[PDB]
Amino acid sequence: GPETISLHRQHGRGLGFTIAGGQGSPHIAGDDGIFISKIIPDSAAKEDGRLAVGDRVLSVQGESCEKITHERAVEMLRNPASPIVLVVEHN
């Protein structure tokens, strides 16, 4: 099921994950989803522990990540608001 994960920004470091996928650059053939591709150590994402590599990102700040480009997804994830609220599906 969809799970809500709020990550708090901290000065001088990033949220601690990268994404792959999107319309026009799918991570999996015929699946345009946005997926967590890496979780980087000693970060908000790592310490929080909920986010996992392979998670499908359904939303960022309530905005949908279905059928969007990679660029759009990165743009949503650079919103300087804090926390950044993700909704994801674990695999």
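Position 1 is the first residue in the sequence shown; the rest follow in order.
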note = Higher of the two mean Cα B-factors (58-66, 35-43; per PDB record) comes from 35-43
key: Record-listed C-alpha B factor of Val74: chain third   = lowest
key: B-factor third for the C-alpha atom of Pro83 within its chain   = lowest
query = Going by what the PDB entry lists, where does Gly22 fall on CA B-factor within its chain: lowest, middle or highest third?
reply = lowest
query = What third of its chain, lowest, middle or highest, does the C-alpha temperature factor of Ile28 fall into?
reply = highest
